>>> print(open('upload_8.txt').read())   # compact mmCIF, C-alpha atoms
# COMPACT_ATOMS: atom_id res chain seq x y z
CA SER A 22 52.77 37.14 -37.72
CA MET A 23 53.75 40.55 -38.91
CA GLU A 24 51.78 39.91 -42.16
CA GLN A 25 48.52 39.04 -40.27
CA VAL A 26 48.89 42.35 -38.43
CA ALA A 27 49.51 44.33 -41.72
CA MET A 28 46.37 42.64 -43.12
CA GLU A 29 44.42 43.58 -39.99
CA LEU A 30 45.59 47.23 -40.31
CA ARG A 31 44.28 47.23 -44.00
CA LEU A 32 40.87 45.86 -42.85
CA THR A 33 40.74 48.42 -40.07
CA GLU A 34 41.42 51.19 -42.49
CA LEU A 35 38.79 49.80 -44.94
CA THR A 36 36.36 49.71 -42.01
CA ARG A 37 37.30 53.33 -41.33
CA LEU A 38 36.62 54.29 -44.95
CA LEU A 39 33.34 52.24 -45.13
CA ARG A 40 32.17 53.84 -41.91
CA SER A 41 32.49 57.28 -43.51
CA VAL A 42 30.78 55.93 -46.72
CA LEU A 43 27.93 54.54 -44.61
CA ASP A 44 27.48 57.87 -42.88
CA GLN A 45 27.34 59.70 -46.16
CA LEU A 46 24.77 57.21 -47.59
CA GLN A 47 22.63 57.37 -44.49
CA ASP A 48 22.51 61.19 -44.73
CA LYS A 49 20.76 60.73 -48.06
CA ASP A 50 17.87 59.14 -46.07
CA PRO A 51 16.74 61.99 -43.89
CA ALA A 52 13.32 60.46 -43.40
CA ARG A 53 15.02 57.39 -41.77
CA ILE A 54 12.99 55.05 -43.94
CA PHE A 55 15.96 52.65 -44.18
CA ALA A 56 17.41 53.08 -40.70
CA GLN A 57 16.06 49.94 -39.10
CA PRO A 58 14.80 46.46 -40.14
CA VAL A 59 11.30 46.23 -41.49
CA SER A 60 9.32 45.15 -38.33
CA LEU A 61 7.94 41.56 -38.65
CA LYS A 62 5.43 42.51 -35.92
CA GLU A 63 4.08 45.29 -38.21
CA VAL A 64 4.64 43.53 -41.57
CA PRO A 65 4.16 39.88 -40.60
CA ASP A 66 4.21 38.58 -44.25
CA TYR A 67 7.50 40.40 -45.08
CA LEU A 68 9.75 37.33 -45.41
CA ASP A 69 7.27 35.77 -47.79
CA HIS A 70 8.16 38.65 -50.19
CA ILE A 71 11.76 39.57 -49.30
CA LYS A 72 14.25 36.79 -48.71
CA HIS A 73 17.24 38.84 -47.64
CA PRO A 74 16.10 41.88 -45.61
CA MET A 75 18.59 44.66 -45.09
CA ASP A 76 18.77 48.10 -43.41
CA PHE A 77 21.37 50.58 -42.25
CA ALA A 78 21.48 49.40 -38.57
CA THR A 79 22.15 45.84 -39.73
CA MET A 80 24.96 47.11 -42.03
CA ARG A 81 26.48 49.05 -39.18
CA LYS A 82 26.59 45.94 -36.94
CA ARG A 83 28.44 44.08 -39.69
CA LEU A 84 30.75 46.97 -40.34
CA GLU A 85 31.76 47.29 -36.66
CA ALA A 86 32.53 43.61 -36.43
CA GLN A 87 34.83 44.27 -39.48
CA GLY A 88 32.59 41.95 -41.44
CA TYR A 89 33.03 43.68 -44.85
CA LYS A 90 36.12 42.24 -46.63
CA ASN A 91 35.95 44.58 -49.61
CA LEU A 92 33.74 47.39 -51.00
CA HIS A 93 31.81 44.90 -53.24
CA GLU A 94 30.35 43.15 -50.15
CA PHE A 95 29.30 46.54 -48.68
CA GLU A 96 27.67 47.61 -51.95
CA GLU A 97 25.81 44.31 -52.11
CA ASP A 98 24.12 45.15 -48.74
CA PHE A 99 23.34 48.75 -49.84
CA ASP A 100 21.79 47.51 -53.05
CA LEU A 101 19.61 45.06 -51.01
CA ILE A 102 18.16 47.96 -49.03
CA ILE A 103 17.12 49.68 -52.29
CA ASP A 104 16.08 46.67 -54.31
CA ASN A 105 14.01 45.08 -51.44
CA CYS A 106 12.07 48.38 -51.12
CA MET A 107 11.46 48.80 -54.81
CA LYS A 108 9.97 45.29 -54.97
CA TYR A 109 7.80 45.36 -51.79
CA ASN A 110 6.46 48.84 -52.33
CA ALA A 111 4.60 50.15 -55.38
CA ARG A 112 5.97 52.92 -57.56
CA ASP A 113 3.52 55.50 -56.24
CA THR A 114 4.60 55.23 -52.59
CA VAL A 115 6.81 57.41 -50.41
CA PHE A 116 8.89 54.29 -49.69
CA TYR A 117 9.65 53.46 -53.34
CA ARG A 118 10.38 57.09 -54.06
CA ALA A 119 12.74 57.29 -51.10
CA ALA A 120 14.67 54.30 -52.44
CA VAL A 121 15.04 55.83 -55.89
CA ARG A 122 16.42 59.05 -54.41
CA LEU A 123 18.82 57.09 -52.14
CA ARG A 124 20.08 55.06 -55.13
CA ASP A 125 20.57 58.21 -57.22
CA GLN A 126 22.31 60.21 -54.50
CA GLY A 127 24.32 57.26 -53.24
CA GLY A 128 25.86 56.63 -56.68
CA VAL A 129 28.10 59.69 -56.38
CA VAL A 130 29.43 58.64 -52.95
CA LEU A 131 30.01 55.06 -54.09
CA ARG A 132 31.80 56.18 -57.29
CA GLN A 133 34.43 58.07 -55.27
CA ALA A 134 34.65 55.34 -52.66
CA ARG A 135 35.66 52.83 -55.34
CA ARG A 136 38.39 55.20 -56.59
CA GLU A 137 39.62 55.63 -52.92
CA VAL A 138 39.68 51.92 -52.24
CA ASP A 139 41.65 51.16 -55.47
CA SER A 140 43.87 54.27 -54.95
CA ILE A 141 44.84 53.57 -51.26
CA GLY A 142 44.92 49.79 -52.06
>>> encode(input="upload_8.txt", output="C-alpha cells")
Amino acid sequence: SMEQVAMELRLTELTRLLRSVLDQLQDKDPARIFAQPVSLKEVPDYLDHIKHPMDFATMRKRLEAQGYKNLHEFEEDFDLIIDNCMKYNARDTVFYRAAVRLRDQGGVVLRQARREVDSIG
C-alpha cells in the first residue's frame, strides 16, 4: 500500500536521525571504552553480573536493520551501556568514570533529539 510506504519513509528518516544521534553520542567516548561488546573471552563471568550487555557496535547493527521503532527504544539501549558499566565497575575506575562523562555529555544530544523527533513527527 501507499500507507505502508509512507510508514517506511518515516522509519527511514528516523533511522537517519538516530544514525546522526548515535554518531554524536559515540564522539563523547573518545577512548572507545563502549565501542564493542565486553569480551566473554577476557571477562568470562560477565553474564553472571550483566544480563543485557550492550555497546555501540551492537546498537549500530540494530539501527541499520531499522530495528529502532522510536527514540525510546534507542535510549533504552544507550542507558544499558552506561548502567551496565556503572554496576560492573567500581566508582574509582576509568571505566565507571567514562560512563558518567558519557551520560552527562549525551544528555544534551538526547534532549534535542527528542525535540526533533516530536517536531518532525
>>> residues_around(input="upload_8.txt", residues="range 104-110 of chain A", least_positions_apart="4", cutoff="7 Å", atoms="all atoms listed in the file", output="list in words")
residues 70, 71, 74, 100, 114, 116, 117 and 120 of chain A
>>> atom_distance(input="upload_8.txt", atom1="CA of residue 87 in chain A", atom2="CA of residue 134 in chain A")
17.2 Å
>>> closest_residue(input="upload_8.txt", among="A:58, A:127, A:88, A:65", to="residue 44 in chain A", atoms="only C-alpha atoms")
A:127
>>> atom_distance(input="upload_8.txt", atom1="CA of residue 103 in chain A", atom2="CA of residue 56 in chain A")
12.1 Å
>>> atom_distance(input="upload_8.txt", atom1="CA of residue 41 in chain A", atom2="CA of residue 102 in chain A")
18.0 Å
>>> closest_residue(input="upload_8.txt", among="A:49, A:29, A:78, A:39", to="residue 121 in chain A", atoms="only C-alpha atoms")
A:49
>>> closest_residue(input="upload_8.txt", among="A:118, A:32, A:43, A:91", to="residue 79 in chain A", atoms="all atoms listed in the file")
A:43
>>> closest_residue(input="upload_8.txt", among="A:51, A:140, A:131, A:23", to="residue 92 in chain A", atoms="only C-alpha atoms")
A:131
>>> axis_aligned_box(input="upload_8.txt", around="range 131-142 of chain A", padding_each_side="6 Å", output="JSON")
{"center_x": 37.5, "center_y": 53.9, "center_z": -54.3, "size_x": 26.9, "size_y": 20.3, "size_z": 18.0}
>>> residues_around(input="upload_8.txt", residues="residue 55 in chain A", least_positions_apart="4", cutoff="8 Å", atoms="only C-alpha atoms", output="JSON, numbers by chain")
{"A": [50, 76, 77, 102]}
>>> closest_atom_pairs(input="upload_8.txt", of="range 76-132 of chain A", to="range 34-38 of chain A", cutoff="12 Å", atoms="all atoms listed in the file", output="tab-separated table")
residue	atom	partner	partner_atom	distance
A:80	CA	A:36	CA	11.7
A:81	CA	A:36	CA	10.3
A:82	CA	A:36	CA	11.6
A:83	CA	A:36	CA	10.0
A:84	CA	A:36	CA	6.5
A:85	CA	A:36	CA	7.5
A:86	CA	A:36	CA	9.1
A:87	CA	A:36	CA	6.2
A:88	CA	A:36	CA	8.6
A:89	CA	A:36	CA	7.5
A:90	CA	A:35	CA	8.2
A:91	CA	A:35	CA	7.6
A:92	CA	A:35	CA	8.2
A:93	CA	A:35	CA	11.9
A:94	CA	A:35	CA	11.9
A:95	CA	A:36	CA	10.2
A:130	CA	A:38	CA	11.6
A:131	CA	A:38	CA	11.3
>>> closest_residue(input="upload_8.txt", among="A:46, A:141, A:27, A:75", to="residue 59 in chain A", atoms="only C-alpha atoms")
A:75
>>> closest_residue(input="upload_8.txt", among="A:69, A:28, A:99, A:135", to="residue 123 in chain A", atoms="all atoms listed in the file")
A:99
